[PDB]
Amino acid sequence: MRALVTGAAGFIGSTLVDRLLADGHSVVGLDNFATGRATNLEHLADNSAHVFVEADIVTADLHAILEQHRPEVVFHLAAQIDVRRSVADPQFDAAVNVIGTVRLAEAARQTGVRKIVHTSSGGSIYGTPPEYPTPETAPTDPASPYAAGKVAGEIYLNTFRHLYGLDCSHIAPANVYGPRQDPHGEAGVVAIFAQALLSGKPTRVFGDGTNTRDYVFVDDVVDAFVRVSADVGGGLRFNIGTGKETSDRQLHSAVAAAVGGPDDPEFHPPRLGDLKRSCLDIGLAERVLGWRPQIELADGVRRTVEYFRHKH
């Protein structure tokens, strides 16, 4: 089928592109390189099945783009990704994550797109939830602007589903990690730890290091995207994680073990916007999509460290 991936030059996006190409699809990648990198797609230069469009979802003529490329499925991964950045500038975050999503939906409903697969944030949309691991039936209760825009994105797509019959499902990942994740930002802790420890540069945890996240390997997330792209799970959000909690301190230890380096992080002050715990109930994804995470943290971390070691 014809596929279009927004955020295609990014970590998850470029990985998804590779998978869709392997599955025999024609893929249009779309990105403005806000946080994505051309290097993530450079290996595709001579692949006729891939076309890249440099575009900002906030202002580009998405109607024209979709009219030309006629995707059957749009995988919407383009977003402002950093929780702290969303606190610092909530308007910008809302522009990219809400307005960008709205413009894309409005373009899509006009061009015969069958389905949009949205990227939510299973890690943050529930805020501090009533129970862990947290099912999709739990109320959204965002406590950062990033989380709020992700929620608003889902709701708008649900609206376009009612209005035009434009199908949607929402992939709501926990904390995704693996090869191609940028080690030089403030988000993407696995990447940050791996490269810093390989380079012998300082590392840090925040608060007392007891905050937990649910760490899910990129390939597993990509598989969920592909599964939900079919006429399955229409209208639904799916938590995409492992349902296991790892503390900041425990993560550091795991990455240090994989690197074979010291396990001696610095301790820095808490970050406003960051939840204390995150753990997803992944039963619905199993039931509806037949999806289960295959990669355990130890193995995923090893593969991530190797990515940094082999980097040219």
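The term rigid core refers to the most C-alpha atoms you can superpose between the two forms while keeping them within 1.5 Å. Sequential numbering from 1, following the sequence displayed.
- Rigid core fits of the other structures in 5 other deposited structures of this protein place the C-alpha atoms of one stretch farther away on average; of 261-269 and 50-58, that stretch is 261-269.
- With every structure aligned by its rigid core, 178-186 is the stretch of 110-118 and 178-186 whose CA positions lie farther away in 5 other deposited structures of this protein.
- Per the PDB record, of the two stretches 204-212 and 93-101, 204-212 carries the greater mean B-factor over its C-alpha atoms.
- The question of which stretch, 74-82 or 179-187, has the higher mean Cα B factor is settled in favour of 179-187.
- Taking only the listed residues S120, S199, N239, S169, the entry reports the highest CA temperature factor at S199.
- Annotation for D231: C-alpha temperature factor in the highest third relative to the rest of the modelled chain, per the entry.
- Among the modelled residues of its chain, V5 has a C-alpha B-factor that falls in the lowest third, as given in the PDB entry.
- Per the deposited record, the Cα B-factor of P135 falls in the middle third when ranked against the other modelled residues of its chain.
- Per the PDB record, residue ranking by Cα B-factor puts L297 in the middle third of the chain.
- Among all modelled residues in its chain, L289 ranks in the middle third by Cα B-factor.
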